[PDB]
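J.: run_11.txt is reproduced below (compact mmCIF, N, CA, C and O atoms).
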```
# COMPACT_ATOMS: atom_id res chain seq x y z
N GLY A 1 -9.72 -5.84 3.92
CA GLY A 1 -8.97 -4.95 4.79
C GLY A 1 -7.47 -5.02 4.48
O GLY A 1 -6.98 -6.05 4.01
N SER A 2 -6.79 -3.92 4.75
CA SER A 2 -5.36 -3.84 4.51
C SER A 2 -4.64 -4.93 5.30
O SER A 2 -4.79 -5.02 6.52
N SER A 3 -3.87 -5.73 4.58
CA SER A 3 -3.12 -6.81 5.20
C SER A 3 -1.62 -6.59 5.00
O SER A 3 -1.16 -6.38 3.88
N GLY A 4 -0.89 -6.63 6.11
CA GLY A 4 0.55 -6.44 6.07
C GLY A 4 1.28 -7.78 6.03
O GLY A 4 0.74 -8.80 6.46
N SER A 5 2.50 -7.74 5.50
CA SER A 5 3.31 -8.95 5.40
C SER A 5 2.62 -9.96 4.48
O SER A 5 1.94 -10.87 4.95
N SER A 6 2.83 -9.77 3.18
CA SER A 6 2.24 -10.65 2.19
C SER A 6 2.84 -10.37 0.81
O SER A 6 3.53 -9.37 0.63
N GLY A 7 2.56 -11.27 -0.12
CA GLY A 7 3.06 -11.13 -1.47
C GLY A 7 2.32 -12.06 -2.43
O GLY A 7 2.84 -13.11 -2.82
N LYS A 8 1.12 -11.65 -2.79
CA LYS A 8 0.30 -12.43 -3.70
C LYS A 8 -0.12 -11.56 -4.89
O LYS A 8 0.35 -10.43 -5.02
N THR A 9 -0.99 -12.12 -5.72
CA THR A 9 -1.47 -11.41 -6.89
C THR A 9 -3.00 -11.45 -6.94
O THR A 9 -3.58 -12.37 -7.51
N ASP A 10 -3.60 -10.43 -6.35
CA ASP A 10 -5.05 -10.33 -6.32
C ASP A 10 -5.48 -8.94 -6.81
O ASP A 10 -4.80 -7.95 -6.53
N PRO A 11 -6.62 -8.92 -7.55
CA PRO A 11 -7.14 -7.67 -8.08
C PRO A 11 -7.79 -6.84 -6.97
O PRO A 11 -8.87 -7.18 -6.48
N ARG A 12 -7.12 -5.75 -6.61
CA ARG A 12 -7.62 -4.87 -5.57
C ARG A 12 -7.60 -3.42 -6.06
O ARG A 12 -8.64 -2.76 -6.08
N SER A 13 -6.41 -2.97 -6.43
CA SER A 13 -6.25 -1.61 -6.92
C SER A 13 -4.85 -1.43 -7.50
O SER A 13 -3.98 -0.82 -6.87
N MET A 14 -4.67 -1.96 -8.70
CA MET A 14 -3.38 -1.87 -9.38
C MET A 14 -3.53 -2.18 -10.87
O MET A 14 -4.56 -2.69 -11.30
N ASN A 15 -2.48 -1.86 -11.61
CA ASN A 15 -2.47 -2.09 -13.04
C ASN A 15 -1.03 -2.28 -13.52
O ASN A 15 -0.74 -3.21 -14.27
N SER A 16 -0.17 -1.39 -13.06
CA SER A 16 1.24 -1.45 -13.44
C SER A 16 1.99 -2.36 -12.47
O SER A 16 2.39 -1.92 -11.38
N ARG A 17 2.18 -3.60 -12.89
CA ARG A 17 2.89 -4.57 -12.07
C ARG A 17 3.78 -5.45 -12.95
O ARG A 17 3.46 -5.70 -14.11
N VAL A 18 4.87 -5.91 -12.35
CA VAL A 18 5.80 -6.77 -13.06
C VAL A 18 6.29 -7.88 -12.13
O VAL A 18 6.86 -7.60 -11.07
N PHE A 19 6.04 -9.11 -12.55
CA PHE A 19 6.44 -10.26 -11.76
C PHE A 19 7.83 -10.76 -12.19
O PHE A 19 7.95 -11.48 -13.18
N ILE A 20 8.83 -10.36 -11.42
CA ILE A 20 10.19 -10.76 -11.70
C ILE A 20 10.46 -12.14 -11.10
O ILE A 20 10.56 -12.28 -9.88
N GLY A 21 10.55 -13.13 -11.98
CA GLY A 21 10.80 -14.49 -11.55
C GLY A 21 12.25 -14.90 -11.81
O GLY A 21 13.01 -14.14 -12.42
N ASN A 22 12.59 -16.09 -11.35
CA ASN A 22 13.94 -16.60 -11.53
C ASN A 22 14.95 -15.51 -11.17
O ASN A 22 15.96 -15.35 -11.85
N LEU A 23 14.64 -14.79 -10.11
CA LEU A 23 15.51 -13.71 -9.65
C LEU A 23 16.48 -14.26 -8.61
O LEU A 23 16.07 -14.66 -7.52
N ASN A 24 17.76 -14.25 -8.98
CA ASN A 24 18.79 -14.74 -8.08
C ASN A 24 18.95 -13.78 -6.91
O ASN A 24 19.99 -13.14 -6.76
N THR A 25 17.90 -13.69 -6.11
CA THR A 25 17.91 -12.81 -4.95
C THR A 25 19.11 -13.13 -4.05
O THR A 25 19.49 -12.32 -3.21
N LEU A 26 19.66 -14.32 -4.25
CA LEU A 26 20.80 -14.76 -3.46
C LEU A 26 22.02 -13.91 -3.83
O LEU A 26 23.03 -13.92 -3.12
N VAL A 27 21.89 -13.18 -4.93
CA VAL A 27 22.96 -12.33 -5.40
C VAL A 27 22.40 -10.95 -5.75
O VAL A 27 22.94 -9.93 -5.33
N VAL A 28 21.32 -10.97 -6.52
CA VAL A 28 20.68 -9.73 -6.94
C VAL A 28 20.00 -9.08 -5.73
O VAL A 28 19.46 -9.78 -4.87
N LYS A 29 20.04 -7.76 -5.71
CA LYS A 29 19.44 -7.01 -4.62
C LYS A 29 18.19 -6.28 -5.14
O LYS A 29 17.85 -6.40 -6.31
N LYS A 30 17.56 -5.55 -4.24
CA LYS A 30 16.37 -4.80 -4.59
C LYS A 30 16.76 -3.57 -5.42
O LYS A 30 16.12 -3.26 -6.42
N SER A 31 17.82 -2.91 -4.97
CA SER A 31 18.31 -1.73 -5.66
C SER A 31 18.77 -2.10 -7.07
O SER A 31 18.81 -1.25 -7.95
N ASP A 32 19.11 -3.37 -7.23
CA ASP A 32 19.56 -3.86 -8.52
C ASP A 32 18.37 -4.02 -9.46
O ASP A 32 18.49 -3.84 -10.67
N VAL A 33 17.23 -4.35 -8.87
CA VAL A 33 16.01 -4.53 -9.63
C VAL A 33 15.21 -3.23 -9.63
O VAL A 33 14.31 -3.04 -10.45
N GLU A 34 15.57 -2.35 -8.71
CA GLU A 34 14.90 -1.07 -8.59
C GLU A 34 15.61 -0.02 -9.45
O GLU A 34 14.98 0.93 -9.92
N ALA A 35 16.90 -0.22 -9.64
CA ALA A 35 17.70 0.69 -10.44
C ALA A 35 17.67 0.24 -11.90
O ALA A 35 17.49 1.06 -12.80
N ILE A 36 17.84 -1.06 -12.10
CA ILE A 36 17.84 -1.63 -13.43
C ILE A 36 16.48 -1.36 -14.09
O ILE A 36 16.39 -1.21 -15.31
N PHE A 37 15.45 -1.31 -13.25
CA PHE A 37 14.10 -1.07 -13.73
C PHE A 37 13.77 0.42 -13.70
O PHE A 37 12.78 0.85 -14.28
N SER A 38 14.62 1.17 -13.01
CA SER A 38 14.43 2.61 -12.90
C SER A 38 14.64 3.27 -14.26
O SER A 38 14.34 4.46 -14.43
N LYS A 39 15.14 2.49 -15.20
CA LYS A 39 15.40 2.98 -16.54
C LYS A 39 14.18 2.70 -17.42
O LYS A 39 14.07 3.23 -18.53
N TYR A 40 13.30 1.86 -16.90
CA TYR A 40 12.10 1.49 -17.63
C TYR A 40 10.86 2.17 -17.03
O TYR A 40 9.74 1.73 -17.25
N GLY A 41 11.12 3.23 -16.28
CA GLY A 41 10.04 3.98 -15.65
C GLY A 41 10.26 4.07 -14.14
O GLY A 41 10.94 3.24 -13.55
N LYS A 42 9.67 5.11 -13.55
CA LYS A 42 9.79 5.32 -12.12
C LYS A 42 9.07 4.19 -11.38
O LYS A 42 7.95 3.83 -11.72
N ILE A 43 9.76 3.67 -10.37
CA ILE A 43 9.20 2.59 -9.57
C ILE A 43 8.52 3.17 -8.33
O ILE A 43 9.12 3.94 -7.59
N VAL A 44 7.27 2.78 -8.15
CA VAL A 44 6.49 3.25 -7.01
C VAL A 44 6.49 2.18 -5.92
O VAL A 44 6.45 2.50 -4.73
N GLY A 45 6.54 0.93 -6.36
CA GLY A 45 6.55 -0.19 -5.43
C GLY A 45 7.29 -1.38 -6.02
O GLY A 45 6.88 -1.94 -7.04
N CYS A 46 8.38 -1.74 -5.36
CA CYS A 46 9.19 -2.87 -5.81
C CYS A 46 9.50 -3.75 -4.60
O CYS A 46 9.79 -3.25 -3.51
N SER A 47 9.42 -5.05 -4.82
CA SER A 47 9.68 -6.02 -3.76
C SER A 47 10.38 -7.25 -4.34
O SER A 47 10.14 -7.62 -5.49
N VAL A 48 11.23 -7.84 -3.51
CA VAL A 48 11.97 -9.03 -3.93
C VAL A 48 11.85 -10.10 -2.84
O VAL A 48 12.23 -9.87 -1.70
N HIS A 49 11.31 -11.24 -3.24
CA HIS A 49 11.13 -12.35 -2.32
C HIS A 49 11.94 -13.55 -2.81
O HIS A 49 11.89 -13.91 -3.98
N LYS A 50 12.67 -14.15 -1.87
CA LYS A 50 13.49 -15.31 -2.19
C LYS A 50 12.73 -16.22 -3.15
O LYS A 50 11.88 -17.00 -2.73
N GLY A 51 13.06 -16.09 -4.43
CA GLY A 51 12.41 -16.90 -5.45
C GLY A 51 11.93 -16.02 -6.61
O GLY A 51 11.96 -16.45 -7.77
N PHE A 52 11.50 -14.82 -6.27
CA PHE A 52 11.02 -13.88 -7.27
C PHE A 52 10.98 -12.46 -6.71
O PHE A 52 11.46 -12.20 -5.61
N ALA A 53 10.39 -11.57 -7.50
CA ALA A 53 10.28 -10.18 -7.09
C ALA A 53 9.16 -9.51 -7.90
O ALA A 53 8.75 -10.01 -8.94
N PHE A 54 8.69 -8.38 -7.37
CA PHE A 54 7.63 -7.64 -8.03
C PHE A 54 7.98 -6.16 -8.14
O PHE A 54 8.49 -5.56 -7.20
N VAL A 55 7.71 -5.60 -9.32
CA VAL A 55 7.99 -4.20 -9.57
C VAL A 55 6.70 -3.49 -9.97
O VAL A 55 5.87 -4.05 -10.68
N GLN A 56 6.57 -2.26 -9.49
CA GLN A 56 5.39 -1.46 -9.79
C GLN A 56 5.81 -0.07 -10.29
O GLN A 56 6.30 0.75 -9.52
N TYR A 57 5.58 0.15 -11.58
CA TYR A 57 5.93 1.42 -12.19
C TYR A 57 4.80 2.44 -12.01
O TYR A 57 3.71 2.09 -11.56
N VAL A 58 5.09 3.68 -12.37
CA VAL A 58 4.12 4.75 -12.25
C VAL A 58 3.00 4.52 -13.27
O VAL A 58 1.84 4.85 -13.01
N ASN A 59 3.38 3.96 -14.41
CA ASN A 59 2.42 3.68 -15.46
C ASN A 59 2.68 2.29 -16.03
O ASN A 59 3.79 1.76 -15.92
N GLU A 60 1.64 1.72 -16.63
CA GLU A 60 1.74 0.40 -17.22
C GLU A 60 2.76 0.40 -18.37
O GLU A 60 3.69 -0.40 -18.38
N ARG A 61 2.54 1.32 -19.30
CA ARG A 61 3.43 1.44 -20.45
C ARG A 61 4.88 1.23 -20.02
O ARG A 61 5.63 0.52 -20.70
N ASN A 62 5.24 1.85 -18.91
CA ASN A 62 6.59 1.74 -18.39
C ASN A 62 6.86 0.28 -17.99
O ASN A 62 7.82 -0.32 -18.46
N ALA A 63 5.99 -0.23 -17.14
CA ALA A 63 6.12 -1.61 -16.67
C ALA A 63 6.30 -2.53 -17.88
O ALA A 63 7.33 -3.18 -18.02
N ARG A 64 5.27 -2.56 -18.72
CA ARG A 64 5.29 -3.39 -19.91
C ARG A 64 6.64 -3.25 -20.63
O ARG A 64 7.09 -4.18 -21.29
N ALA A 65 7.23 -2.07 -20.47
CA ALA A 65 8.51 -1.80 -21.10
C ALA A 65 9.56 -2.78 -20.57
O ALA A 65 10.13 -3.56 -21.34
N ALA A 66 9.78 -2.72 -19.27
CA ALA A 66 10.74 -3.59 -18.63
C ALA A 66 10.37 -5.05 -18.91
O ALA A 66 11.21 -5.83 -19.38
N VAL A 67 9.12 -5.38 -18.63
CA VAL A 67 8.63 -6.73 -18.85
C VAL A 67 9.11 -7.22 -20.21
O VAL A 67 9.32 -8.42 -20.41
N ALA A 68 9.28 -6.28 -21.13
CA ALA A 68 9.73 -6.60 -22.47
C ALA A 68 11.25 -6.45 -22.54
O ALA A 68 11.92 -7.21 -23.25
N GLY A 69 11.76 -5.48 -21.79
CA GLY A 69 13.19 -5.23 -21.76
C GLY A 69 13.89 -6.15 -20.75
O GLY A 69 14.56 -7.10 -21.14
N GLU A 70 13.70 -5.83 -19.48
CA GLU A 70 14.30 -6.61 -18.41
C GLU A 70 14.26 -8.10 -18.76
O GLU A 70 15.31 -8.72 -18.97
N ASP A 71 13.05 -8.63 -18.82
CA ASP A 71 12.87 -10.04 -19.14
C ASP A 71 13.85 -10.44 -20.25
O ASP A 71 13.73 -9.98 -21.38
N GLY A 72 14.80 -11.28 -19.87
CA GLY A 72 15.80 -11.75 -20.81
C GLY A 72 17.17 -11.16 -20.48
O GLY A 72 18.04 -11.09 -21.35
N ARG A 73 17.33 -10.76 -19.23
CA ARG A 73 18.58 -10.18 -18.78
C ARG A 73 19.37 -11.20 -17.95
O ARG A 73 18.80 -11.89 -17.11
N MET A 74 20.66 -11.25 -18.22
CA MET A 74 21.54 -12.17 -17.52
C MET A 74 22.06 -11.55 -16.22
O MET A 74 23.09 -10.87 -16.23
N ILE A 75 21.34 -11.80 -15.15
CA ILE A 75 21.72 -11.27 -13.85
C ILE A 75 22.39 -12.38 -13.03
O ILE A 75 21.78 -13.42 -12.77
N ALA A 76 23.63 -12.12 -12.64
CA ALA A 76 24.38 -13.08 -11.85
C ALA A 76 24.89 -14.20 -12.77
O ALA A 76 25.53 -15.14 -12.31
N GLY A 77 24.58 -14.05 -14.05
CA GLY A 77 25.00 -15.04 -15.03
C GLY A 77 23.81 -15.90 -15.48
O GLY A 77 23.97 -16.79 -16.32
N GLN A 78 22.66 -15.60 -14.91
CA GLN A 78 21.45 -16.33 -15.24
C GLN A 78 20.39 -15.38 -15.80
O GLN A 78 20.35 -14.20 -15.45
N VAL A 79 19.55 -15.93 -16.68
CA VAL A 79 18.49 -15.14 -17.29
C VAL A 79 17.36 -14.94 -16.28
O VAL A 79 17.18 -15.75 -15.37
N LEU A 80 16.63 -13.85 -16.47
CA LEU A 80 15.53 -13.52 -15.58
C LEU A 80 14.21 -13.68 -16.34
O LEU A 80 14.05 -13.14 -17.44
N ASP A 81 13.30 -14.43 -15.74
CA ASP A 81 12.00 -14.67 -16.34
C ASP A 81 10.97 -13.70 -15.74
O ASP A 81 10.48 -13.93 -14.64
N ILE A 82 10.69 -12.65 -16.49
CA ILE A 82 9.73 -11.65 -16.05
C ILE A 82 8.52 -11.65 -16.99
O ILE A 82 8.64 -12.03 -18.15
N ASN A 83 7.39 -11.23 -16.44
CA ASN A 83 6.16 -11.18 -17.22
C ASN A 83 5.14 -10.31 -16.48
O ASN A 83 5.08 -10.33 -15.25
N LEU A 84 4.36 -9.58 -17.26
CA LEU A 84 3.34 -8.71 -16.70
C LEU A 84 2.32 -9.56 -15.94
O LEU A 84 1.78 -10.53 -16.48
N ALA A 85 2.08 -9.17 -14.69
CA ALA A 85 1.13 -9.88 -13.85
C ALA A 85 -0.28 -9.70 -14.41
O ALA A 85 -1.06 -8.91 -13.88
N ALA A 86 -0.56 -10.44 -15.48
CA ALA A 86 -1.86 -10.37 -16.11
C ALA A 86 -2.03 -11.55 -17.07
O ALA A 86 -3.00 -12.29 -16.98
N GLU A 87 -1.05 -11.69 -17.95
CA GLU A 87 -1.07 -12.78 -18.92
C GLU A 87 0.06 -13.77 -18.64
O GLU A 87 1.21 -13.51 -18.97
N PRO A 88 -0.32 -14.91 -18.01
CA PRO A 88 0.64 -15.94 -17.67
C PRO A 88 1.06 -16.73 -18.92
O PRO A 88 0.21 -17.10 -19.73
N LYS A 89 2.36 -16.95 -19.03
CA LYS A 89 2.89 -17.69 -20.16
C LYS A 89 2.66 -19.19 -19.95
O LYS A 89 3.60 -19.97 -19.95
N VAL A 90 1.39 -19.54 -19.78
CA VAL A 90 1.02 -20.92 -19.56
C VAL A 90 0.74 -21.58 -20.92
O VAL A 90 0.00 -21.04 -21.74
N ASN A 91 1.36 -22.75 -21.11
CA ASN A 91 1.18 -23.49 -22.35
C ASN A 91 1.49 -22.57 -23.53
O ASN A 91 0.65 -21.78 -23.95
N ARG A 92 2.71 -22.70 -24.04
CA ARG A 92 3.15 -21.90 -25.16
C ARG A 92 2.36 -22.28 -26.42
O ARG A 92 1.69 -21.43 -27.02
N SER A 93 2.47 -23.54 -26.79
CA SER A 93 1.78 -24.05 -27.96
C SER A 93 0.27 -23.90 -27.79
O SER A 93 -0.26 -24.16 -26.71
N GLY A 94 -0.38 -23.47 -28.86
CA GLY A 94 -1.82 -23.28 -28.84
C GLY A 94 -2.21 -21.94 -29.45
O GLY A 94 -1.36 -21.06 -29.63
N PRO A 95 -3.52 -21.81 -29.77
CA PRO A 95 -4.03 -20.58 -30.37
C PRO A 95 -4.14 -19.47 -29.32
O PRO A 95 -5.18 -19.34 -28.66
N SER A 96 -3.07 -18.71 -29.19
CA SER A 96 -3.03 -17.62 -28.24
C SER A 96 -3.78 -16.41 -28.80
O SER A 96 -3.31 -15.76 -29.74
N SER A 97 -4.93 -16.13 -28.20
CA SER A 97 -5.74 -15.00 -28.63
C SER A 97 -6.68 -14.57 -27.50
O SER A 97 -7.05 -15.38 -26.65
N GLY A 98 -7.03 -13.30 -27.52
CA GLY A 98 -7.91 -12.75 -26.51
C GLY A 98 -7.16 -11.77 -25.60
O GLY A 98 -7.01 -12.03 -24.40
```
Rewrite the structure of this file - the entire thing - as structure tokens.
T.:
Amino acid sequence: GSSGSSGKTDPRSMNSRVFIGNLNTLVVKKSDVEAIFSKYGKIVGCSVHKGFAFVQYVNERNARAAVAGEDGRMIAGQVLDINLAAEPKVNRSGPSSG
């Protein structure tokens, strides 16, 4: 059932998602992540939670764009760790395949 007030990552009905981490929400705003990402595709759903944020583009291609673009941006003087909510950058070293 539809649940209000939450922010998790569960497969329900989505594809185009971007997990904006290391987001200095203490300085960065939503419009900053909504506008900065507005160049990587139209945002249908964007949220920022003290610690991280989530962006939802109209299409994946767009999202993946930012995830590739945004990710590595110096916001507030600090880099932003973003990644598509699908493939977690867990354990770098190793045979990454699949």
J.: From the set A:8, A:64, A:39, A:17, which residue has the shortest atom-to-atom contact distance to residue 86 in chain A, counting all atoms listed in the file?
T.: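 For residue 86 in chain A, the nearest of the given residues is A:17.
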J.: Enter the distance from CA of residue 3 in chain A to CA of residue 50 in chain A, in Å, rounded to one decimal.
T.: 20.1 Å
J.: What does the structure give for the distance between CA of residue 53 in chain A and CA of residue 92 in chain A, in Å to one decimal?
T.: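 Here the two named atoms are 22.7 Å from each other.
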J.: Would you compute the distance between CA of residue 34 in chain A and CA of residue 15 in chain A? Give it in Å to one decimal.
T.: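 A separation of 18.0 Å between them.
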J.: Would you return as a PyMOL selection string the members of chain A that DSSP assigns to alpha helix (DSSP H) on this structure's backbone?
T.: chain A and resi 30-35+60-68
J.: Would you kindly return, as an MDAnalysis selection string, each protein, DNA or RNA residue with an atom no farther than 8 Å from any atom of range 74-78 of chain A, considering only N, CA, C and O atoms and excluding same-chain residues fewer than 3 positions away?
T.: chainID A and resid 21:25 27:28 69:71 81
J.: Of the candidates A:18, A:2, A:49, A:11, which shows the shortest atom-to-atom distance to residue 85 in chain A, using only N, CA, C and O atoms?
T.: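 Closest to residue 85 in chain A, using only N, CA, C and O atoms: A:18.
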J.: Taking all atoms listed in the file into account, which of A:26, A:14, A:79, A:65 comes nearest residue 41 in chain A?
T.: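 Residue with the minimum atom-to-atom distance to residue 41 in chain A: A:65.
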J.: Pull the strand (DSSP E or B) assignments for chain A out of DSSP run on the backbone, and list those residues as a ChimeraX atom specification.
T.: /A:18-23,43-49,51-57,74-75,78-79,81-84
J.: Residues of the last selection are to be written out with N, CA, C and O atoms, as an mmCIF file, in the frame of the given file.
T.:
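Final output, saved to result33.cif:
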```
data_model
loop_
_atom_site.group_PDB
_atom_site.id
_atom_site.type_symbol
_atom_site.label_atom_id
_atom_site.label_comp_id
_atom_site.auth_asym_id
_atom_site.auth_seq_id
_atom_site.Cartn_x
_atom_site.Cartn_y
_atom_site.Cartn_z
ATOM 1 N N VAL A 18 4.870 -5.910 -12.350
ATOM 2 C CA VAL A 18 5.800 -6.770 -13.060
ATOM 3 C C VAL A 18 6.290 -7.880 -12.130
ATOM 4 O O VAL A 18 6.860 -7.600 -11.070
ATOM 5 N N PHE A 19 6.040 -9.110 -12.550
ATOM 6 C CA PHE A 19 6.440 -10.260 -11.760
ATOM 7 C C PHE A 19 7.830 -10.760 -12.190
ATOM 8 O O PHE A 19 7.950 -11.480 -13.180
ATOM 9 N N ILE A 20 8.830 -10.360 -11.420
ATOM 10 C CA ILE A 20 10.190 -10.760 -11.700
ATOM 11 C C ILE A 20 10.460 -12.140 -11.100
ATOM 12 O O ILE A 20 10.560 -12.280 -9.880
ATOM 13 N N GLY A 21 10.550 -13.130 -11.980
ATOM 14 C CA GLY A 21 10.800 -14.490 -11.550
ATOM 15 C C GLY A 21 12.250 -14.900 -11.810
ATOM 16 O O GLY A 21 13.010 -14.140 -12.420
ATOM 17 N N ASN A 22 12.590 -16.090 -11.350
ATOM 18 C CA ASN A 22 13.940 -16.600 -11.530
ATOM 19 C C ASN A 22 14.950 -15.510 -11.170
ATOM 20 O O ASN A 22 15.960 -15.350 -11.850
ATOM 21 N N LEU A 23 14.640 -14.790 -10.110
ATOM 22 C CA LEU A 23 15.510 -13.710 -9.650
ATOM 23 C C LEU A 23 16.480 -14.260 -8.610
ATOM 24 O O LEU A 23 16.070 -14.660 -7.520
ATOM 25 N N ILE A 43 9.760 3.670 -10.370
ATOM 26 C CA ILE A 43 9.200 2.590 -9.570
ATOM 27 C C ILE A 43 8.520 3.170 -8.330
ATOM 28 O O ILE A 43 9.120 3.940 -7.590
ATOM 29 N N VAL A 44 7.270 2.780 -8.150
ATOM 30 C CA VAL A 44 6.490 3.250 -7.010
ATOM 31 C C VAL A 44 6.490 2.180 -5.920
ATOM 32 O O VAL A 44 6.450 2.500 -4.730
ATOM 33 N N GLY A 45 6.540 0.930 -6.360
ATOM 34 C CA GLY A 45 6.550 -0.190 -5.430
ATOM 35 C C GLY A 45 7.290 -1.380 -6.020
ATOM 36 O O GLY A 45 6.880 -1.940 -7.040
ATOM 37 N N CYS A 46 8.380 -1.740 -5.360
ATOM 38 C CA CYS A 46 9.190 -2.870 -5.810
ATOM 39 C C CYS A 46 9.500 -3.750 -4.600
ATOM 40 O O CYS A 46 9.790 -3.250 -3.510
ATOM 41 N N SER A 47 9.420 -5.050 -4.820
ATOM 42 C CA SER A 47 9.680 -6.020 -3.760
ATOM 43 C C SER A 47 10.380 -7.250 -4.340
ATOM 44 O O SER A 47 10.140 -7.620 -5.490
ATOM 45 N N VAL A 48 11.230 -7.840 -3.510
ATOM 46 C CA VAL A 48 11.970 -9.030 -3.930
ATOM 47 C C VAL A 48 11.850 -10.100 -2.840
ATOM 48 O O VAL A 48 12.230 -9.870 -1.700
ATOM 49 N N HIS A 49 11.310 -11.240 -3.240
ATOM 50 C CA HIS A 49 11.130 -12.350 -2.320
ATOM 51 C C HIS A 49 11.940 -13.550 -2.810
ATOM 52 O O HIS A 49 11.890 -13.910 -3.980
ATOM 53 N N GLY A 51 13.060 -16.090 -4.430
ATOM 54 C CA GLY A 51 12.410 -16.900 -5.450
ATOM 55 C C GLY A 51 11.930 -16.020 -6.610
ATOM 56 O O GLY A 51 11.960 -16.450 -7.770
ATOM 57 N N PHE A 52 11.500 -14.820 -6.270
ATOM 58 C CA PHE A 52 11.020 -13.880 -7.270
ATOM 59 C C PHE A 52 10.980 -12.460 -6.710
ATOM 60 O O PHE A 52 11.460 -12.200 -5.610
ATOM 61 N N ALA A 53 10.390 -11.570 -7.500
ATOM 62 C CA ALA A 53 10.280 -10.180 -7.090
ATOM 63 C C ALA A 53 9.160 -9.510 -7.900
ATOM 64 O O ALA A 53 8.750 -10.010 -8.940
ATOM 65 N N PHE A 54 8.690 -8.380 -7.370
ATOM 66 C CA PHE A 54 7.630 -7.640 -8.030
ATOM 67 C C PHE A 54 7.980 -6.160 -8.140
ATOM 68 O O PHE A 54 8.490 -5.560 -7.200
ATOM 69 N N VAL A 55 7.710 -5.600 -9.320
ATOM 70 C CA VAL A 55 7.990 -4.200 -9.570
ATOM 71 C C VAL A 55 6.700 -3.490 -9.970
ATOM 72 O O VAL A 55 5.870 -4.050 -10.680
ATOM 73 N N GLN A 56 6.570 -2.260 -9.490
ATOM 74 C CA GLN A 56 5.390 -1.460 -9.790
ATOM 75 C C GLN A 56 5.810 -0.070 -10.290
ATOM 76 O O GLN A 56 6.300 0.750 -9.520
ATOM 77 N N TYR A 57 5.580 0.150 -11.580
ATOM 78 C CA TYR A 57 5.930 1.420 -12.190
ATOM 79 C C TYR A 57 4.800 2.440 -12.010
ATOM 80 O O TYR A 57 3.710 2.090 -11.560
ATOM 81 N N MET A 74 20.660 -11.250 -18.220
ATOM 82 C CA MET A 74 21.540 -12.170 -17.520
ATOM 83 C C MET A 74 22.060 -11.550 -16.220
ATOM 84 O O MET A 74 23.090 -10.870 -16.230
ATOM 85 N N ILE A 75 21.340 -11.800 -15.150
ATOM 86 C CA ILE A 75 21.720 -11.270 -13.850
ATOM 87 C C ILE A 75 22.390 -12.380 -13.030
ATOM 88 O O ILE A 75 21.780 -13.420 -12.770
ATOM 89 N N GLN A 78 22.660 -15.600 -14.910
ATOM 90 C CA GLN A 78 21.450 -16.330 -15.240
ATOM 91 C C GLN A 78 20.390 -15.380 -15.800
ATOM 92 O O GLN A 78 20.350 -14.200 -15.450
ATOM 93 N N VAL A 79 19.550 -15.930 -16.680
ATOM 94 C CA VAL A 79 18.490 -15.140 -17.290
ATOM 95 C C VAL A 79 17.360 -14.940 -16.280
ATOM 96 O O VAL A 79 17.180 -15.750 -15.370
ATOM 97 N N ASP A 81 13.300 -14.430 -15.740
ATOM 98 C CA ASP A 81 12.000 -14.670 -16.340
ATOM 99 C C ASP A 81 10.970 -13.700 -15.740
ATOM 100 O O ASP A 81 10.480 -13.930 -14.640
ATOM 101 N N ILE A 82 10.690 -12.650 -16.490
ATOM 102 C CA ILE A 82 9.730 -11.650 -16.050
ATOM 103 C C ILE A 82 8.520 -11.650 -16.990
ATOM 104 O O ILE A 82 8.640 -12.030 -18.150
ATOM 105 N N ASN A 83 7.390 -11.230 -16.440
ATOM 106 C CA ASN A 83 6.160 -11.180 -17.220
ATOM 107 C C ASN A 83 5.140 -10.310 -16.480
ATOM 108 O O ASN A 83 5.080 -10.330 -15.250
ATOM 109 N N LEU A 84 4.360 -9.580 -17.260
ATOM 110 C CA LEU A 84 3.340 -8.710 -16.700
ATOM 111 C C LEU A 84 2.320 -9.560 -15.940
ATOM 112 O O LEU A 84 1.780 -10.530 -16.480
#
```
J.: Out of A:40, A:88, A:4, A:80, which residue has the shortest atom-to-atom distance to residue 60 in chain A when counting all atoms listed in the file?
T.: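 The answer is A:40, which sits nearest to residue 60 in chain A.
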J.: If you count only C-alpha atoms, which residues fall within 9 Å of residue 55 in chain A, apart from same-chain ones fewer than 4 positions away, as a list in words?
T.: residues 16, 17, 18, 19, 20, 33, 34, 37, 43, 44, 45, 46, 47, 48 and 63 of chain A
